[PDB]
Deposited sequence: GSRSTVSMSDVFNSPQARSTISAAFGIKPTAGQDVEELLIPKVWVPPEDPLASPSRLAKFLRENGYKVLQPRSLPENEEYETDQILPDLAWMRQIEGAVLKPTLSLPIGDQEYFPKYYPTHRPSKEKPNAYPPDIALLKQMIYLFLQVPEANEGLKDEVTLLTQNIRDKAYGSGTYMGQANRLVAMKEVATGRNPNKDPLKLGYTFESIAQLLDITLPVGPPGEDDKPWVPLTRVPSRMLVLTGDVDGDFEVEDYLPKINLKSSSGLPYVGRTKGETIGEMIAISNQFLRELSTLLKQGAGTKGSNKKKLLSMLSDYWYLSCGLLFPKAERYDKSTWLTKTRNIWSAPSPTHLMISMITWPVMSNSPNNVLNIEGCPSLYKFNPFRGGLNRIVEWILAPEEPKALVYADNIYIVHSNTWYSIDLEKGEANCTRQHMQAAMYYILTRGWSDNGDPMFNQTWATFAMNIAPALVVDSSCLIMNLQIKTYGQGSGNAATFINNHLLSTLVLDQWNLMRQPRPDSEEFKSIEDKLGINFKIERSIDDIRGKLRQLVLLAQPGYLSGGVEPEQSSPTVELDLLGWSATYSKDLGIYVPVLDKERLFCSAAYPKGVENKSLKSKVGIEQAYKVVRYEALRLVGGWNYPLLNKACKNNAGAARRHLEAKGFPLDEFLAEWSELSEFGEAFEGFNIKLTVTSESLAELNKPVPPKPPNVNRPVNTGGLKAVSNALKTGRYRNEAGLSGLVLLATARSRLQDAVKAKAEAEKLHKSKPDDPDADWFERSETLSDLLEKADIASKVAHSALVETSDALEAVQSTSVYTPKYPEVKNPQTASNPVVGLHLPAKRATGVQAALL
């Protein structure tokens, strides 16, 4: 017989068999994973801030020196992340057994416990047994990398879209539908260095107004190279200083040009090799609820970009993307789910979209594709989306953001320094670049993971799948015809979920809605039926009080989260007992707020445990109200509630006001809104004839991309000459430009484009 326990024994993780650079390199070489020749880095040295950033000397009110990579001694960078829990320290992230015990306690207090309620105990227990929250292992990270490499080079090797018949403009016209963008506006054009994005207007004595045009960074996240072991918040001056120098040196290189006989070529190679570290990310082990069985085989990675690289790319994308709340709910025929929020009537409107007789139809968010076809709901994920990205995918994304974000009626709102960086440098820094793990510098296959940095690129990849789907008359996702798309584009995907008779099942939610907080305004004794699309993590259920469909956190996601709570991070001097009890209040109430309210045992157990923590803090005189002021920052589900200004209370009233329909935000697009849909654009695009909707800025970027890096100034001149000669069909316009670049002898040779040249220079010390 086998011993069985109510409360699982503390799990001791297996030993990491790759916790050594000798073992790691052996494993990578055995799998044919590329290990780069190590590049060195000048040691960090203190320099007076007023000498490096004199334009920010007015910041005397509320670092006298900056630590800069300028020292005469070179070092090889090292990054050894800590994996928690481990065999040595297994108690890092314990399961919430107090919640489990409370659920069991409550289920026993019920006369003749109903299998229905018992299933909540069974589901939580199974999650505790099979899962573990933590950072995985080096072995897991390495196995994941080989899997990332398999997606890029293995079964279905990556393909650059431009080689398949796509162009920068044809992709841009597809993204006009799937990702509509507005201007940076509510702004300054891309013509200035980061330190000049902080503007003082008025007299600096009696409180002057300060204009902040810099994108917002996570101050607690890793700084990246060249500052391992430091946060972004303690390297702010440094990341601006390095960005300043990089852009100033780049401007100089473009000012000097190619030189006689191309004599300035070595100056470009010298600079790019000097700034190699901008193309090398720290391989951060992602903390997640992993399966225990795959602790050594699967650890997700976060490609921690260097701070200057992140800052410079963000200066292009963030001002546009933060000012583009454009989606399915405010633009007709738009498949985008960008900025979608399920609350305030959001989910009700998507369900009504699904229930509409029209089909086939698609929905898109990053690597996520949602399709309804033949009355069936399909949730499609790109198989490790980031690993499918080529450098040409990203420069096409950069082309899109610049031509419709950074353009004033066709005219470029960016200079050639910024055009060069976006088209010919930035794709090379973060795609098919490398990473640092231990003391080893190894290749990155595709783009490195990180939801923030990868969004536009993944969305583009999904947009191409949707285009290819349209071209073959929108076949059913589970057919061989739909599967052939991955071979066509070199982009791996899979169906994670499908629900047959989707409309019928959504309609039955209205009929079979059970009494609860949003139907009768009472504490539920039975869970109300929920329909499981996993629409960005959300299920649908029907509220009788509001008369619409409410959002319910995916059941499996909800119980995984309940099983293994996340840590706080460090806490220098927190009450250490009050702060802990306060974090439990956040944990349990936020768990109810996202969907726990729908599940009777979970709801009541979270309510009780949070209540016991509240009463303990009330008696001890803890500032709980002040602690819960910005609770969204303290919760794993905070992103869904950001900007609502709501308290952490889960009542009939609070759930009603959270879900009460509020009219969708007006669309913000930097051009006439296209309402025709993606099918119309796909069919018009396959004929080969389409116009230049980018105008002058499109030709400038074409010339920049098609010509040598140091000839970027001449490139713009040739594009300006073509634009003035017109006094449109792309195609003939791009052929004429390509002829002008050939006549000026500035056009790069095939297989030796500016993008490929910068990549080689970054890994050639």
Gaps relative to the deposited sequence fall at 1 to 33, 96 to 100, 225 to 228, 770 to 773, 812 to 852
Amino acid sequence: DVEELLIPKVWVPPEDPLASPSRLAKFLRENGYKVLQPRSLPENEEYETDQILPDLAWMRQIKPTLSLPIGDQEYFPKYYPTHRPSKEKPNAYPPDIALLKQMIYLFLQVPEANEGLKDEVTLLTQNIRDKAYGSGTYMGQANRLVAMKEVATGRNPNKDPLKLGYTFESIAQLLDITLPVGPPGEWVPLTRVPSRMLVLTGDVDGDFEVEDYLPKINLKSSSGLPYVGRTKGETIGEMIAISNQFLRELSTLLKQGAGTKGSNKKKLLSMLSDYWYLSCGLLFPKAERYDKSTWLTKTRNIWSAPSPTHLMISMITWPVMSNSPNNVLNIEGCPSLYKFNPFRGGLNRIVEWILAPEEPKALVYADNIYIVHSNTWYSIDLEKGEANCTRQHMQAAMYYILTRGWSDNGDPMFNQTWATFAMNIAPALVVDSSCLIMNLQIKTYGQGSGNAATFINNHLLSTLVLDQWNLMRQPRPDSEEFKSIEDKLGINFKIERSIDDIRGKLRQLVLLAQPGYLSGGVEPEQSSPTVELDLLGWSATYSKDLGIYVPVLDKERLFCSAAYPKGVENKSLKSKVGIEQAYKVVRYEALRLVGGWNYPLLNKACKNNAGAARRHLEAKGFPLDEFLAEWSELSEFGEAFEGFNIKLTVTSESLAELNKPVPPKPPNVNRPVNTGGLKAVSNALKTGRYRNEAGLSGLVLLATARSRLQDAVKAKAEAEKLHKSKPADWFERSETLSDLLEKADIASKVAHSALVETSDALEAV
From here on, numbers count along this sequence of modelled residues.
Name the higher of the two by mean Cα B-factor in the PDB entry, 203 to 211 versus 305 to 313. 203 to 211
Could you check the entry and say whether 51 to 59 or 693 to 701 has the higher mean CA B-factor? 51 to 59
From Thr649, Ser279, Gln441, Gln245, can you pick the one with the highest C-alpha B factor in the entry? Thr649
Between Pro360, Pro672, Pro77, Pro427, which one tops the list for Cα B-factor in this entry? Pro672
Against its chain's modelled residues, does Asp291's Cα B factor rank lowest, middle or highest third? middle
Third of the chain's Cα B-factor distribution that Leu24 belongs to, per the entry: lowest
Report the third (lowest, middle or highest) to which the CA temperature factor of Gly446 belongs, ranking only the modelled residues of the same chain. middle
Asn458 by Cα B-factor - lowest, middle or highest third of the modelled chain: lowest
For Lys607, does the deposited CA B-factor place it in the lowest, middle or highest third of the chain? lowest
